[PDB]
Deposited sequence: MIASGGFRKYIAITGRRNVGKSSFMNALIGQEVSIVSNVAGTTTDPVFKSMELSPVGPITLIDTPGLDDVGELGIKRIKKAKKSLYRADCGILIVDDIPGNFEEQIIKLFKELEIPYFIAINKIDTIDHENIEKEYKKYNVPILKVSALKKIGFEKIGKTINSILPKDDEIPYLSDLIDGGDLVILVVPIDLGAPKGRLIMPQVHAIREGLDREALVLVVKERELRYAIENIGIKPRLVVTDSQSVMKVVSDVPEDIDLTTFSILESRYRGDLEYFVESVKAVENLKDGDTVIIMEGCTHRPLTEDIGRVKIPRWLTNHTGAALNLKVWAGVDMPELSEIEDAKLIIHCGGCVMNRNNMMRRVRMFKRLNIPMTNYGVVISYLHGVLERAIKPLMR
């Protein structure tokens, strides 16, 4: 579900607006179903307003007068917190088409005219929310980004992969994107990389390796050739690599009592996935020498403030099943709360001492 922030002065009548908007509920048998957007949750916002706006996907600023110290203040807050918004002129039965043009046009945001008492204009909110809601459109995995025509890309997988005659999706995607850019894609097992580099006669533009063959291959790849991992490529692809890389530095500042949350992007994690639940916590404890308060969070939606509040670092999974939107919604939430958020991929690369090299072609 999407989280809508409801902002306005005490006099504007937020209660009447929220009740009239709930009258738009379109469910078949303050949360509700509002078309064309799916399920939504209205957040009433009664000095860090950061504690309420932390998981807001978009906001509504309800006005009935000329922009003042309140309007200017919450607009600056929406901009700072990366929250899209629109202005809803309430009580149009008293002031009407006065503030629509003469003011508020300068904010370059949608302006709607409503009357909660007269029951007018609430059938236009759903479409307006849908238009401002952050759609986190797919960004290239390695294509338009790091490739060009005639370049050699070396994709280095492990000695063991997926079922007979098949390949894992990050490998297929990396090959497809390379061919899309008309680059030559050289797929090679870790044992053939040294031979390939030394005899291929074309300088590789990029070498992409599996995170489990990285420590071996870093040695085989000359320093002048760009090298990354599929874990780092995934990190950038669906998350925020810059934030994940900056947030991993928090590992150094971890104290004994400090809370670390292993955050999962799904409720269907395989029992064979012990990298975040078992492996990373043990590596973190050995590296820091801190008896950390390791906690695990797993769900499809957004955590409540109480579940994440005093976390010193969030270590989110790769997000194999998650889209960019859902991953970015979590990133913006931790950015708003100023809580460091990293990846399994960024943590692995950091502790192995290959992060600086792996991010060099991307940053």
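**Student:** Could you sort out which parts of the deposited sequence are absent from the coordinates (no C-alpha) and give them as ranges from 1?
**Tutor:** Residues missing from the model, as numbered along the full deposited sequence, span 1-7, 37-48, 66-78, 396.
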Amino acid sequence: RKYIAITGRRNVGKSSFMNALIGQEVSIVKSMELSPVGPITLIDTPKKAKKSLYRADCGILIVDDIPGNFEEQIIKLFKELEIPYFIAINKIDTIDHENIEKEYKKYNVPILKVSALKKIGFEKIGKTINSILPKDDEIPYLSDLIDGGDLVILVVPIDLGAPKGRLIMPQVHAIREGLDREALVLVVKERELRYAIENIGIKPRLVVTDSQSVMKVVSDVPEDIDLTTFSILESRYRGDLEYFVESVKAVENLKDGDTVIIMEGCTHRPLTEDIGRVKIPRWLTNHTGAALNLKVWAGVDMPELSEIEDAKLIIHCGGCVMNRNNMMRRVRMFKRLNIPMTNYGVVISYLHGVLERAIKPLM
From here on, numbers count along this sequence of modelled residues.
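**Student:** If you average the CA temperature factors as listed in the entry, which stretch comes out higher, 273-281 or 143-151?
**Tutor:** Mean B over CA atoms: larger for 273-281.
**Student:** Would you mind comparing 63-71 and 315-323 for me and telling me which has the higher average C-alpha temperature factor in the entry?
**Tutor:** Looking at the record's C-alpha B-factors, the answer is 63-71.
**Student:** Pick out which of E198, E242, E177, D96 has the highest C-alpha B-factor in the PDB entry.
**Tutor:** Among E198, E242, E177, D96, the highest C-alpha B-factor in the entry belongs to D96.
**Student:** In the PDB entry, which of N286, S247, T229, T128 has its C-alpha at the highest B-factor?
**Tutor:** Checking the PDB record, the top C-alpha B-factor among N286, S247, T229, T128 is at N286.
**Student:** Would you check the entry's CA temperature factor for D159 and let me know if it's in the chain's lowest, middle or highest third?
**Tutor:** For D159, the deposited C-alpha B-factor lands in the middle third.
**Student:** Using the B-factor values recorded in the entry, state whether the Cα atom of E182 falls in the lowest, middle or highest third among the modelled residues of its chain.
**Tutor:** As the PDB entry reports it, the C-alpha B-factor of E182 lands in the lowest third of its chain.
**Student:** What third of its chain's C-alpha B-factors does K47 belong to: lowest, middle or highest?
**Tutor:** For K47, the deposited C-alpha B-factor lands in the highest third.
**Student:** According to the PDB entry, is the CA B factor of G23 in the bottom, middle or top third of its chain, that is, lowest, middle or highest?
**Tutor:** Its C-alpha B-factor, which the entry lists for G23, ranks in the lowest third among residues of this chain.
**Student:** Among the chain's modelled residues, which third holds the C-alpha B-factor of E264?
**Tutor:** It falls in the middle third of the chain.
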